[PDB]
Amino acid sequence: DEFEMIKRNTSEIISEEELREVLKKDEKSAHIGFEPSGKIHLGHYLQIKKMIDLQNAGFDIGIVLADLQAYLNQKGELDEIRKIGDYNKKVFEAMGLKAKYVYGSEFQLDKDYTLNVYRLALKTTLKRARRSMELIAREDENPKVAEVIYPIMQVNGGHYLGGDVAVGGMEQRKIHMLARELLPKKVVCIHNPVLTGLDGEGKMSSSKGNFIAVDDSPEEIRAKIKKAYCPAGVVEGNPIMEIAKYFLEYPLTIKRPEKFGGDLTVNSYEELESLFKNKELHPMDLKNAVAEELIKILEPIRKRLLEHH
């Protein structure tokens, strides 16, 4: 076990029965890959948190700084991508995760890795490949061959790492299903929710400027939350409610003037959810509480990233 702790705040495990089997082993391993990102935001942190969960549960953690994939996803030049990966590694360690950090290009260009990419290319239809990239592929009016190489590259990555568990965001689930159908060793997949962007108009993303970075200043965090989409009574699609759900600790103390109800103690996110859905808790008061608790959560991350000056 540790099963329930691992399942907490994930969208799906494929499959739970297979995960319980993995959890019986003395030795188990789990991996995730991150295309390097110039800013590291709460979407990354949610995933790192889950890797820390797995680590707490006796999993050896592997982190792929997926520079080759970022390159195939048109994020730029390989050496420039790798340097952002270097910075991403420091952020992940500052979040509390000690793990094995590999750059994808350390093994994803070996001849026998490459031969298996082409073997997998013989078994992956263009349709399957294109459909697995719909939520991942950079936007492009003239889609590139690189886009359908990207998923078979990610599948072969998992093949060569040989872990028991693969972790990723829900946008990754079609690539994960492709690896389960194509590979001899079937990996247990754990998928994290994809956070909603701050203006509520889509999914949070490094390229859309609609995120909170883990090293944003408290003042920037307060401004981003203040201006955030947060309809009273509306929980689904609400970025503020999501932050409250996936990062904050409970009981939660929501401070208010006496004229609007005075201070409030919420013992659970579910309790928080009905209060807000009922319109008992106003969006301004929710924002203030989420902002101040989130600043404290991100405080020691930001400090370690800045304490060199």
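Residue numbers run from 1 along the displayed sequence.
According to the PDB record, 276-284 carries the higher mean C-alpha B-factor of the two stretches 276-284 and 62-70. As listed in the deposited structure, the average C-alpha B-factor of 74-82 and of 117-125 is greater for 74-82.
Among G163, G157, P218, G202, the highest C-alpha B-factor recorded in the PDB entry belongs to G202. Taking the deposited Cα B-factors for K144, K111, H176, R138, the highest one is held by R138. In the deposited entry, the Cα temperature factor of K100 sits in the middle third of values across the chain's modelled residues. When the modelled residues of the chain are ordered by C-alpha B-factor, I40 sits in the lowest third. Annotation for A232: C-alpha temperature factor in the highest third relative to the rest of the modelled chain, per the entry. In this PDB entry, the Cα temperature factor of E93 sits in the middle third of its chain's modelled residues. Per the deposited record, the Cα B-factor of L46 falls in the lowest third when ranked against the other modelled residues of its chain.
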